[PDB]
Amino acid sequence: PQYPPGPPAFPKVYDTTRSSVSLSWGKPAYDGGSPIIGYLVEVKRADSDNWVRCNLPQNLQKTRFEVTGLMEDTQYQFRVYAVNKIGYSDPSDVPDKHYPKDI
């Protein structure tokens, strides 16, 4: 008997550019009894209700991802799913709203 994994641990922004935001997280506390196969990153405009998927899970084995194609001076929010062969974790929201900016 196997379940979807738990939420990714400690998600954060760790870099930005004027057109991208880079997120990092840690492996979930539990994997539901089947190995983690990937992660799924979703991004929305902070002033929006429409989340957009940024990648295919099997394409994202590492616990970091650069979200590209973002508009400078526009605020975004992010959430990350852990995935295994059973399904998707509860998403782990990335705290706060974030601008893509040259820092």
# chains A, B, ... in the order shown; residues from 1 in each chain; ligands from 1
$ select_by_dssp --residues "chain A" --states "strand (DSSP E or B)" --output "number ranges by chain"
A: 9-17, 20-26, 38-45, 52-53, 64-68, 76-83, 88, 92-93, 98
$ residues_around --residues "segment 42-51 of chain A" --least-positions-apart "3" --cutoff "7 Å" --atoms "only C-alpha atoms" --output "PyMOL selection string"
chain A and resi 54+75-80+97
$ write_last_selection --atoms "N, CA, C and O atoms" --output "compact mmCIF listing (two decimals), in the first residue's frame"
# COMPACT_ATOMS: atom_id res chain seq x y z
N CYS A 54 5.18 24.74 -14.33
CA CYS A 54 6.44 25.20 -14.91
C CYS A 54 7.29 24.09 -15.50
O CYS A 54 8.27 24.39 -16.20
N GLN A 75 4.69 40.84 -9.48
CA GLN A 75 4.79 40.02 -8.28
C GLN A 75 4.21 38.64 -8.52
O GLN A 75 3.12 38.50 -9.06
N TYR A 76 4.94 37.62 -8.06
CA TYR A 76 4.60 36.23 -8.31
C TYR A 76 4.57 35.46 -6.99
O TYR A 76 5.21 35.86 -6.00
N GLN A 77 3.83 34.36 -6.98
CA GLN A 77 3.84 33.40 -5.88
C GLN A 77 4.08 32.01 -6.45
O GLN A 77 3.82 31.75 -7.62
N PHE A 78 4.59 31.12 -5.60
CA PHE A 78 5.08 29.83 -6.03
C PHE A 78 4.67 28.74 -5.05
O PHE A 78 4.50 28.98 -3.86
N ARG A 79 4.54 27.52 -5.57
CA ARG A 79 4.29 26.37 -4.72
C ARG A 79 4.90 25.17 -5.42
O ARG A 79 5.03 25.17 -6.65
N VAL A 80 5.33 24.19 -4.63
CA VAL A 80 6.09 23.05 -5.13
C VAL A 80 5.45 21.77 -4.61
O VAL A 80 5.21 21.62 -3.41
N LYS A 97 5.23 37.16 -1.70
CA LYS A 97 5.17 37.52 -3.11
C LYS A 97 6.55 38.00 -3.53
O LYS A 97 7.27 38.61 -2.73
$ closest_residue --among "A:53, A:18, A:12, A:62" --to "residue 92 of chain A" --atoms "only C-alpha atoms"
A:12
$ closest_residue --among "A:64, A:85, A:27, A:101" --to "residue 14 of chain A" --atoms "only C-alpha atoms"
A:64
$ closest_residue --among "A:37, A:59, A:81, A:73" --to "residue 25 of chain A" --atoms "only C-alpha atoms"
A:81
$ residues_around --residues "segment 1-9 of chain A" --least-positions-apart "3" --cutoff "9 Å" --atoms "only C-alpha atoms" --output "list in words"
residues 25, 26, 27, 28, 29, 30, 31, 32, 33, 34, 35, 36, 39, 63, 80, 81, 82, 83, 84, 85, 86, 87, 88, 89, 90, 91 and 92 of chain A
$ atom_distance --atom1 "atom CA of residue 65 of chain A" --atom2 "atom CA of residue 23 of chain A"
5.4 Å
$ residues_around --residues "residue 56 of chain A" --least-positions-apart "5" --cutoff "10 Å" --atoms "only C-alpha atoms" --output "MDAnalysis selection string"
chainID A and resid 38:41
$ closest_residue --among "A:66, A:57, A:74, A:100" --to "residue 22 of chain A" --atoms "only C-alpha atoms"
A:66
$ atom_distance --atom1 "atom CA of residue 94 of chain A" --atom2 "atom CA of residue 20 of chain A"
14.9 Å
$ atom_distance --atom1 "atom CA of residue 17 of chain A" --atom2 "atom CA of residue 61 of chain A"
22.7 Å
$ decode --residues "segment 14-74 of chain A" --atoms "C-alpha atoms" --output "compact mmCIF listing (two decimals), in the first residue's frame"
# COMPACT_ATOMS: atom_id res chain seq x y z
CA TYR A 14 17.37 31.85 -3.26
CA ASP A 15 18.09 33.99 -6.35
CA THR A 16 16.36 36.23 -8.87
CA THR A 17 17.12 37.89 -12.20
CA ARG A 18 15.04 40.51 -13.98
CA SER A 19 13.22 37.64 -15.72
CA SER A 20 13.43 34.68 -13.36
CA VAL A 21 13.04 33.44 -9.81
CA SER A 22 15.07 30.52 -8.41
CA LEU A 23 13.48 28.27 -5.78
CA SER A 24 15.06 25.67 -3.52
CA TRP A 25 13.51 23.12 -1.17
CA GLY A 26 14.35 19.89 0.63
CA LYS A 27 13.15 16.34 0.21
CA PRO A 28 9.79 15.65 1.90
CA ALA A 29 9.70 14.14 5.36
CA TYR A 30 7.83 11.13 3.98
CA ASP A 31 7.61 9.72 0.48
CA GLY A 32 4.41 7.73 0.96
CA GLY A 33 6.15 4.39 0.53
CA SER A 34 7.32 4.86 -3.08
CA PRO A 35 10.44 6.79 -4.16
CA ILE A 36 10.20 10.43 -5.17
CA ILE A 37 10.22 10.67 -8.95
CA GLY A 38 10.27 14.42 -9.35
CA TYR A 39 8.86 17.73 -8.27
CA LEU A 40 6.28 20.02 -9.86
CA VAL A 41 6.63 23.80 -9.62
CA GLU A 42 3.60 26.04 -10.08
CA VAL A 43 3.72 29.82 -10.40
CA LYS A 44 0.97 32.42 -10.34
CA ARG A 45 0.81 36.16 -10.59
CA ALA A 46 0.34 37.24 -6.98
CA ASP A 47 -2.79 39.17 -7.99
CA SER A 48 -4.25 36.11 -9.75
CA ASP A 49 -6.05 32.83 -9.15
CA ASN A 50 -4.59 30.94 -12.12
CA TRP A 51 -1.64 28.69 -11.27
CA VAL A 52 0.59 27.60 -14.16
CA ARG A 53 2.79 24.52 -14.13
CA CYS A 54 6.44 25.20 -14.91
CA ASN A 55 7.87 21.75 -15.63
CA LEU A 56 7.24 18.05 -16.07
CA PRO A 57 7.89 16.10 -12.83
CA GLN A 58 10.32 13.58 -14.33
CA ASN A 59 12.33 16.56 -15.59
CA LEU A 60 12.90 17.87 -12.06
CA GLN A 61 14.83 15.47 -9.83
CA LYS A 62 16.91 18.10 -8.04
CA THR A 63 15.37 20.17 -5.27
CA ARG A 64 15.82 23.53 -6.99
CA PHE A 65 14.38 25.12 -10.08
CA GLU A 66 14.72 28.43 -11.94
CA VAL A 67 11.32 29.80 -13.00
CA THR A 68 11.97 31.76 -16.21
CA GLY A 69 9.82 34.00 -18.37
CA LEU A 70 8.66 36.21 -15.50
CA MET A 71 8.01 39.93 -15.87
CA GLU A 72 10.24 42.32 -13.95
CA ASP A 73 8.23 44.58 -11.65
CA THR A 74 5.48 41.93 -11.49
